[PDB]
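Provided below as structure tokens are two forms of one protein chain, presented individually as structure 1 and structure 2.
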Structure 1
């Protein structure tokens, strides 16, 4: 069959992955539908030595649409829509290097693609049969983002905040937030909005059933 591709966007630490996890979990509550969640973060571009030098100095914008391998995203997603098995790269964010190992993703009935810029490119955007944007208060997101980067990346607090003000927040307002208008459903308060998520799940189930 043909997979049902769902695109999920939203600002940093807005709860995109939590909303996808909730969707899969509620899909199984109601044979079973196979569901897989993909992340745009897996498709960061391979950096040159100069770009990696700027990144280690905190001078590379990883929130700009150019930072993502949009060509690899488009090709991976188009092969999924045609029902094939694909290989997903494994990107190391602490070292800014795409690892050699890949992850095999077998065909599923529903595929969720989440990322801060999932709706930016028009070609990938037209592949999504449903599009969701996760909305969360900017300070709530920042404090999640700060705790997340302190532990998962081991970075300094002052350097996290200066990176946020320099790159993350401006790129959100210039590149991510405008893609909100392409969303079929906008979800305020993220995964805690179980009412909205339940409507989305019921909509997904009715499209697959008939």
Structure 2
């Protein structure tokens, strides 16, 4: 019975950084990929087979997410597709994820599907202010196209999809983390809880 923890929130809120800090603090980075007890799943790894809105729920393989997450709860070994954000291509290589005790699924629409919601025993939402998240993504998108095209895409696609699809799913959260990776108190709270789950007490 693996423990599934759903982490949602807008882009550049700190979902990936919070999950990375939790796994790093739990020492899972040093363990081999077979003996990993806490793994991280990114929703962007499940983009559907490909001016276009990639923040819309239709752009995500909802059935593959549900099947993979369900097979994880069944203790089965699953393979996750790889997706590069630059070329929008799903490479033929797959990441093999062996049965782990705790699974973190981060995604802007992780709480959108009701079938995916009920899979999570604990649901966390990284609530970061909209302008603050834009400041983080603007710096993130140039370092990792043109600055005018980044603001055009965010205003036309990212911002409307967050308010229409992500924001309504904030009410399904059990715990809200108010600033992201910098919130060391909240991270230490979840790190303490996942380590408490591994021990069994």
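Positions refer to the first chain, counted from 1. Basically, rigid core = biggest C-alpha set you can superpose within 1.5 Å across the two forms.
A.B. asks: Would you say residue 200 moves its Cα by 2 Å or more between structures 1 and 2, aligning on the core?
C.D. replies: Yes, shifts by 2 Å or more.
A.B. asks: After a rigid core superposition, would you say the CA of residue 23 moves by 2 angstroms or more between structures 1 and 2, or not?
C.D. replies: Yes; that C-alpha moves by at least 2 Å between structures 1 and 2.
A.B. asks: Hey, core superposed, how many Å does residue 98 shift at the CA between structures 1 and 2?
C.D. replies: Rounded to one decimal, the shift is 0.6 Å.
A.B. asks: Once the two forms are fitted on their rigid core, how many angstrom does the CA of residue 190 move between structures 1 and 2?
C.D. replies: Between its two positions, the C-alpha of residue 190 lies 1.6 Å apart after core fitting.
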